[PDB]
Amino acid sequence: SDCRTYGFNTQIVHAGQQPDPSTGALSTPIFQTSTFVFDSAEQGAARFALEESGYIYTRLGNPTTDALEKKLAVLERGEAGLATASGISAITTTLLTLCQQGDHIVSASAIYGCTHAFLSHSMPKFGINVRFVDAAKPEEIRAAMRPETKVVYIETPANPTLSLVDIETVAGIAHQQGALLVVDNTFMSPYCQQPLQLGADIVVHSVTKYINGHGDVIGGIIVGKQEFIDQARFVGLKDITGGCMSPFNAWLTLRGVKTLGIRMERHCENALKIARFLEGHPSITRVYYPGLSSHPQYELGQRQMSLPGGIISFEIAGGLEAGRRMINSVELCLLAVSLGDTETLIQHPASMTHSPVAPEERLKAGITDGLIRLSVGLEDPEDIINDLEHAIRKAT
């Protein structure tokens, strides 16, 4: 019995999971319990000093959460996993585990906004400095390293613009200089990109997105070597963020992840079609999509990703006002944040998430007035395309 051995689809379905030993129940039971019962005083002391296995209390670990963690470790080719309340909590639990006052981080600039603020306004208040670079240009990463640099942090593709970061090249710079690479692998799952295999040390995910895939879990997951994971758990989560995952949330995300392979295939085949349509459209000025040949890092993309992903950005003819009109005129696509659910979602960070954010903040930070982000769900592409077509046509 070793699940690391089977093909990747078999692993998505089976790894971390086994029928319940005392009943045969095939679905992983929801161990919705806060506490666990020891059968002896000495056994309670054994477990508590970390001297024996296994369970003590849900903040510390849980058999439902354990399966999910073993699964994701397997899919990412990591040694171990640690689930968390949110993807944000996967990132902060990681970096607050790795960092004390006086340390330095080097970060991609082109990351998720809530990650940006943690690093911008919160990290330095604990005396941990962060320097921001265009991670697409790995020399910038080298140029910002310092003796106190403990961690280099990246997302690929980069949330807003779908630019890429060469992981292997970034792995070697960070390592040469004594730092760990931490890669947020959220936009791809491990079905699409495996940063650990490229030399990264830690992978984090918002399991909220594709891994759960169903738009009803907020959660995160950390994957890395056993020694780091143990600290992330017994200190970072146990003591610092306390962002542990509900066993219900674990069990939903195990449910969600069974269909990861086939949902990724369909997300990505759908998005390719939609992107090609967007490219040919006279009212669309630019399309950002790793699967379009016109993508500046297309070849990089072809080597480190099995699939170009379910996310498309694009700019519409006429900026802010046209984008507003278009986003108000979709009938199928839903106006919401988050991504990686089975429904097609659309966001206009210009008329929307960044509207009373002064025009000059915006542009510096990769966002245009016409920029629309699409999360492509599992609908028939024709239906999405016709909805897009209608609303674009409406708006220009």
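Start at 1 with the first residue shown and count on from there.
- Look at the mean CA B-factor for 342 to 350 and for 56 to 64 in the entry; the higher one is 342 to 350.
- Note on 16 to 24 vs 384 to 392: mean CA B-factor is higher in 384 to 392.
- Highest CA B-factor among 171, 305, 135, 240, as stated in the entry: 135.
- Residue-level inspection of the entry shows that, of 193, 163, 206, 122, 122 has the top Cα B-factor.
- In the deposited entry, the Cα temperature factor of residue 283 sits in the middle third of values across the chain's modelled residues.
- Among the modelled residues of its chain, residue 246 has a C-alpha B-factor that falls in the lowest third, as given in the PDB entry.
- Residue 258 sits in the lowest third of its chain by CA B factor, as recorded in the PDB entry.
- Residue 216: CA B factor in the lowest third of modelled residues in this chain (values from the PDB entry).
- In this PDB entry, residue 317 carries a Cα temperature factor that places it within the highest third of its chain's modelled residues.
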